[PDB]
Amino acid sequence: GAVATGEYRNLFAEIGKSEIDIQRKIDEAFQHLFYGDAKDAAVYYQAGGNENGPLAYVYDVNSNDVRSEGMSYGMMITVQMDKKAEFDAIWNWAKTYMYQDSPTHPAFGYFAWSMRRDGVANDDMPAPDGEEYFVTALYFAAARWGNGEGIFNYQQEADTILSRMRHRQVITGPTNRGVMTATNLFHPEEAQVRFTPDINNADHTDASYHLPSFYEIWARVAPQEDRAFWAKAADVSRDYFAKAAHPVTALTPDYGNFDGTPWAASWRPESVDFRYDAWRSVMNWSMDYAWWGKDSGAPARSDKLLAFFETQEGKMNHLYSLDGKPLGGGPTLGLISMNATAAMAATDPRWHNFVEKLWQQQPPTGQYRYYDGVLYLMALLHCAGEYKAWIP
């Protein structure tokens, strides 16, 4: 695995691209998304500052809301790209405005998943893959830059947040939406991330939230009393992808049950299909395989998913039944980008075509560029051999 060797595959170099052109492609994507035209290209906004220095956020330009996921992805992108100033400004806004510090609030220890640009929460409850990326990005920051003090003691922040994600108690109290009850972010017996800590829907998961590549980091550097739990979560997630991904297409549903079956949310029953969340599952298991080499099923799964998408050439949808029926939409940059990341584990040389398709793309513009753009820039970093485990 790359962590053992320190050698991360440069999949773009493997399909013949020069290092100068790979650097240009990543820098163009960063400059567009972080510093491009505010109305058409950028998803990052400089939002003044406070006692900790500059504030900034990554946001969904469509709804015009800040998302905890996009903040956490901005932190991961910026630490992988050695962009400390941008990292610190995003983290300052997330910790200042999104993090719930009241111990009587049911979201204590968690980041509001959806927040207006003025800091008014739409929902105090979290999207738990945001927390997973925040903690990991903070550990990576500690490793690359060393720890600062206060909110910039990245390792201390990560330890405290991650401990509370596991050990949170049930809290009932007032929220922006009325009285709510929430629990921990990982089920203590299943050792799986929840879709939500809201007690009304807590005993569910989401395959795209399963991040065994990161749980292995936490198994090494988290508070000692939790390391066995995070190690377990990594093994459970590898088993989860084996059960949750269709046996023929390797498509996963957006939302799921702990036993691997798809879950139809009452408010979103189409969550049983492969949609916007599920795009990411293949990145998660392929990254885990490339880093750690433990998910013995990952190569075949990535091969099945790329074989399936090869049947869709010239008629690509972005919504599918798990058995591979197209359910609508055309090609998206986010799905192209995630499919390319399957090459971190695929064995069949059709993966070349998927990495080449990502290489051919341009940075996204217009109303849907937030999800397309964060996935694009993460996929470019993975495929350039520039998305690494920075272990403190």
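So that there is no doubt, residue numbering starts at 1 and follows the sequence shown.
K.L.:
Looking at the entry, does 271 to 279 or 304 to 312 show the higher mean C-alpha B-factor?
P.N.:
Looking at the recorded C-alpha B-factors, 304 to 312 comes out higher on average.
K.L.:
Can you let me know which of the two, 103 to 111 or 201 to 209, has the higher average C-alpha B-factor in the entry?
P.N.:
Between 201 to 209 and 103 to 111, it is 103 to 111 that shows the higher mean C-alpha B-factor.
K.L.:
Select one of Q192, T196, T172, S286: the residue whose C-alpha shows the highest B-factor in the crystal structure entry.
P.N.:
If I rank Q192, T196, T172, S286 by C-alpha B-factor, first place goes to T172.
K.L.:
Say you rank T136, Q156, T252, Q80 by Cα B-factor from the PDB entry; which sits at the top?
P.N.:
Out of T136, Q156, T252, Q80, the record gives the largest C-alpha B-factor to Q156.
K.L.:
Quick check on the deposited entry: does the C-alpha B-factor of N92 sit in the lowest, middle or highest third of its chain?
P.N.:
Lowest third of the chain for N92's C-alpha B-factor.
K.L.:
Hey, what third does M344 fall into on Cα B-factor, ranked over its chain?
P.N.:
Middle third of the chain for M344's C-alpha B-factor.
K.L.:
Ranking the modelled residues of this chain by C-alpha B-factor as given in the entry, is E131 in the lowest, middle or highest third?
P.N.:
For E131, the deposited C-alpha B-factor lands in the lowest third.
K.L.:
Ranking the modelled residues of this chain by C-alpha B-factor as given in the entry, is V43 in the lowest, middle or highest third?
P.N.:
It falls in the bottom third of the chain.
K.L.:
Using the B-factor values recorded in the entry, state whether the Cα atom of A233 falls in the lowest, middle or highest third among the modelled residues of its chain.
P.N.:
Its C-alpha B-factor, which the entry lists for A233, ranks in the lowest third among residues of this chain.
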